[PDB]
């Protein structure tokens, strides 16, 4: 009877840090998948199953819209088979991903004079994430042999670090809102 | 991203305030570190996150900066503070450094002490003879060294080596090595090392005679 | 509440010498995991407290290496290997274990220097303050050491007892000197009935007390 | 790293105010925050702490009920609401961030960076901007010598008063004196400065007195007499 | 307590291969970002390689396809496998623990990789014979670097000056170590310079008489 509400996740006022990424489910609607592809307001619009056109020529069991902010330079890691700090410890697409990644520069909203420190990424983790895993732990990370006994200090690091989004940042270091669409019948073209 | 430091070389006296800068080409927020490298040693971290002092580093070091202009200040220079200093972009997947700034300690003028050493006979059995001139504990860094065999200025057969600054009186040392075969070493008698330097009102010469 | 007592409360020191301040707590502060929950704060004149030492002996970020903390359980020591003029201030210990955070009384670190005589200055009232009815003569003692001095107000050679107020600065962080002011507050009526206002000042850096005066 | 504090002034006894602390340059959402207070010339006493995302809050028993501490992580701001205020709650109020984020780095513990401080006074009020009077340069010559000039800031309430000289360009030589309370409950302080006796003719010496709790910014040139 | 100790560098023929070790203590290698950084003679610092705690590995373009970074957790050691070596891979190599926003805080003492065709030659060590007097030790014609020079096995370190090695036309190195002594020491004390050249496993002690 009505549109899938992509205005809820795309034009949302606040976005989530990558370590604690948000995920919306999308059911029982129809989604015009070419008012996103023909927008032109998106720096990035890659898909990994089949085409943004034949996608709205199909129905699916359910659709996922994951959202988060990262550095523009890290968007190359939101893709199957990548590595790096974001794909390993924060948000991991599976090797067989069928969906679309969308990204736009957000330097007007998410950057601040003096640095915007509310966006965080996970810097320290002993081992890689599984695909579509969310880790929101803040347990002190033990980098040496001695246990930390719950005290931040040497070899005893808080695992989350801040992107200090300042406006004067070079564009590869500016904030990028990202949305990932997953496809696995409730919504169609 | 490319990191440019200035000056590349710099000289200051014990007690001066000293400031080095690092220009970033795109804008890196506060993601900048400073390292000191003493000659022959590995780098030690001084500052991280543009202004934070690393545990153990003395408080006369300090950083300020954000964006593309970073400054490293040594508020009161020490004799042991001659080193090379590097900036580094943090959170950079290339781990980019600056080209380095060499800092030298400026000091009052000190005249060299000269010494000259005939070749060892242990060496002359092999057919090459090395005559060695030593200039010791002077400042500023360079002086002219002139070799004279008999009384004929040599040219193109000597090599110099300088040390790094001494870590508390900040002076230098130098060795000139004159090189010839045993054959020519024995054609002449008077070997001389004439030294010109800023602390010397006139050149001093040091001689010896084969035998 | 844990009780913190420091000793001493007044630490006079010469630059280049060491200083040391002892704290004692009524309850043991050892281990919430193996560490001592003792902190040392310094408060320079006019500034907010800054952290020096945390968890007993850890130097805070940017604190000079000349600062050091030691001790365990109940008896703790802050040591300044070489005092500098810029260290003048009040030093507090604090426990960081149990819920009511409690500090010590504080240790006022005063800096010892060579005896310096004040420069004295005397100021007549504003006229616009006489368009009000009250007159304030003001005497200024500038850049002296030590803090021990008194100034005597004389009007027509007749010493004054109940008009003066005094204010002192705190020890300068560069020179290590003090300055003080003394304000005689009279009425336009009785200010204008007199001719010569003297400010007589006695300090350890003079045998003859200095006297500054103006005639109306 | 900055902790800039807002609010503060007078409030009639038994009443209510709310202090604000706006943090910049650090994670903030990951750190615990405290409030500490100092009564004039009395030493520090801790007041309250709040954890990382609200949730846990602590208080000294002397204030449990009237004082409530909160924060808004989106706006990077810490807060302290006060009620049933006395004359024993008149003090300078410091926000401070705690040093570590480990469990066992207790939210009330080591305090890493402290804010400037905002003074909250509590009494049956009087809120008057001061009278500024010149202190006329004490000359000996004008070829050379040193001269002292300054500003009497007379009769004000509450505290504080700030004094700058040539708006901030003049700082060496300056001595602003600690305020005194007189027979009336009004305050009075003097600021003075020393300058070359010869420069009284070439540079204009103005003191910028800014008692902001009565919006009283005044700029009095101070000139000689004879 | 916390240290990185490297080894494995030396002389190596071009197109050949060599493996450096970085033993750690205190730091757990598998739980950190470990990097390799190198410094060519007289030049700046160049990042080589990094290995994430979770496994990922990254390389500078100048090194891709010839170097491999890895670790043995059972010995807490980091390795750099270098194959197909070039003359611009001659450098001191450092390992260093990287901490992101905090920088590289712990460094090894470095190990020197010299890529060359030339043959190891051990030095000849002739003496420089003699108020203050000067005496010294001339370490001639060796390859490659470094020669170490001490004096009475460390019992003498004051007034000692050991100049950096100069390259000669032959393509061998030479340096001299010199010391100042009181003139009256000559006929009471004994002066012995101790030259170790680990690459040719040569050690020489030489007495220096007037």
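Going from the start of the chain as shown, residues are counted 1 onward.
Placement of Cβ uses the backbone N, Cα and C atoms for every residue, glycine included.
Features reported for this protein in Swiss-Prot:
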- A:4-A:29: disulfide bond (DISULFID)
- A:11: N-linked glycosylation site (CARBOHYD)
- A:47-A:100: disulfide bond (DISULFID)
- A:59-A:188: disulfide bond (DISULFID)
- A:105-176: region 'Receptor-binding motif' (REGION)
- A:123-158: region 'Disordered' (REGION)
- A:148-A:156: disulfide bond (DISULFID)
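A sphere of 10 angstroms centred on the C-beta of residue A:148 (disulfide bond) encloses 21 other C-beta atoms.
Here the candidates are the recorded positions A:4, A:11, A:29, A:47, A:100. The one whose C-alpha lies nearest to that of residue A:59 (disulfide bond) is A:29. Distance between Cα atoms for residue A:156 (disulfide bond) and residue A:47 (disulfide bond): 40 Å, as a whole number.
Calculated from their C-alpha atoms, the gap between residue A:148 (disulfide bond) and residue A:11 (N-linked glycosylation site) amounts to 42 Å. A gap of 13 Å separates the Cα atoms of residue A:11 (N-linked glycosylation site) and residue A:4 (disulfide bond). Of the recorded residues, residue A:4 (disulfide bond) and residue A:188 (disulfide bond) place their C-alpha atoms 9 Å from one another. Taking CA atoms as the reference points, residue A:100 (disulfide bond) and residue A:188 (disulfide bond) are 15 Å apart. With 5 residues not built between them, residue A:184 and residue A:185 have C-alpha atoms separated by a whole-number distance of 10 Å. Under the DSSP three-state reduction, residue A:59 (disulfide bond) is assigned to strand. Proximity to chain D, defined as a CB-CB distance below 8 A, holds for A:148 out of the recorded positions A:4, A:11, A:148.
In sequence order, A:2, A:3, A:4, A:5, A:186, A:187 constitute the residues six or more apart from residue A:29 (disulfide bond) in its chain with CB-CB distances below 8 Å.
Ranked by how many other Cβ atoms sit within 10 Å of their Cβ, the disulfide-bonded residues A:4, A:100, A:188 place A:188 at the bottom. Broken down by DSSP into helix, strand and coil, the region 'Disordered' (A:123-158) contains 0 helix, 6 strand, 30 coil. Around the Cβ of residue A:47 (disulfide bond), the number of neighbouring Cβ atoms within 10 Å comes to 20. In the three-state DSSP classification, residue A:4 (disulfide bond) falls within coil. DSSP gives residue A:11 (N-linked glycosylation site) a coil state; it is part of no helix or strand. Here the C-alpha separation of residue A:188 (disulfide bond) and residue A:47 (disulfide bond) works out to 17 Å.
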